[PDB]
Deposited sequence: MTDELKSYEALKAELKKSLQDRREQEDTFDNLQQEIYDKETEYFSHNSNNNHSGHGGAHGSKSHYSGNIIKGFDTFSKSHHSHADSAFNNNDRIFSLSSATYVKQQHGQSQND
């Protein structure tokens, strides 16, 4: 019983490791896509740039810590 708990914990620590890595990628990808797509009609301006217009990146409070 002791061996089973230790082995399925290394797998869950690995998954946490995997989720943190893909999380960091998405954060960067979001920031890069904001730069590519927004630099007439915009989801930012009204369909009819600035570092404060990054409403997608500013949704993460981790990105707010970085910028400040």
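- The deposited chain is incompletely modelled, with C-alpha atoms absent over 1 to 6, 46 to 65, 75 to 87, 108 to 113.
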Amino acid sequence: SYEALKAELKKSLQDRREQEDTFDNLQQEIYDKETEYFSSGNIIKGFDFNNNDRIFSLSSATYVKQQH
From here on, numbers count along this sequence of modelled residues.
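- Here 49 to 57 and 18 to 26 are compared by their mean Cα B-factor, and 49 to 57 comes out higher.
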